[PDB]
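# Report on the structure
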Amino acid sequence: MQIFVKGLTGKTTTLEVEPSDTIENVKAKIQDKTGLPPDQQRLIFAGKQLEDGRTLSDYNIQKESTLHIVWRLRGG
């Protein structure tokens, strides 16, 4: 069960996930494709904010679910 994430460039990035796969892991996968640090990553689905400890089955996230990558620096 893969998912498509809306990138800033508009290009979607397929990611491998599973009902068991927690968000913490997902952010980790992203940290590799985006190379961005965890403090610069944010996942939101259907306008709902995700949190660690939860799973896809909790957010009712299905396949081809459109996420949202928000890139912003917390400043110095």
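Anyway, here's the lowdown on the structure attached to this text. (Residues numbered from 1 in each chain as written, not as in the entry; some residues may be left out. Heavy atoms only, no water.)

### A short note on the layout of surface pockets
- Volume-wise, the largest pocket comes out at about 190 Å³.
- The wall of the largest pocket is formed by 13 residues, among which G7, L8, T13, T34 and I69 lie closest to the centre.
- Among the residues forming the lining of the largest pocket, the class breakdown is seven nonpolar, four polar and two charged. (1 Å grid on protein atoms, 1.4 Å probe; cavity = no way out; pocket = protein on both sides within 12 Å on 5 of 7 lines; lining within 4 Å. Points joined across faces, edges and corners; volume = space filled by probe spheres on them. Nonpolar A, V, L, I, M, F, W, Y, C, P; charged D, E, K, R; others polar.)

### Some details on the side chain of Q40
- Within the secondary structure, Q40 is located in the loop between α1 (23–33) and β3 (44–45).
- You can call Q40 buried: its relative accessible area is 18%.
- Within polar-contact distance, the side chain of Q40 engages the side chain of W71 at 3.0 Å.
- For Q40, the contacting residues outside a window of four places in its chain are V70, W71, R72 and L73. (Helix = DSSP H or I, 4+ residues; strand = E, 2+ residues; numbered from the N terminus. Buried < 20%, exposed > 50% of the residue type's maximum accessible area, 1.4 Å probe, protein only. Polar contact = N/O pair within 3.5 Å; in protein donor to acceptor, adjacent residues only side chain to side chain. Contact = heavy atoms within 4.5 Å.)

### Points about the nonpolar core
- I23, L43, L50, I61 and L67 are the most contacted members of the largest nonpolar core, which has 14 residues in total.
- For this core, the elements supplying multiple residues, two or more each, are β1 (2–6), α1 and α2 (56–59).
- Among the elements that make up this core, the one with the highest residue count is α1 (three residues).
- Ignoring anything within four residues of it in the chain, the contact list for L50 reads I23, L43, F45, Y59, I61 and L67. (Core = buried A, V, L, I, M, F, W, Y, C linked by side-chain atoms within 4.5 Å.)

Taken by themselves, the reported measurements are silent on function.
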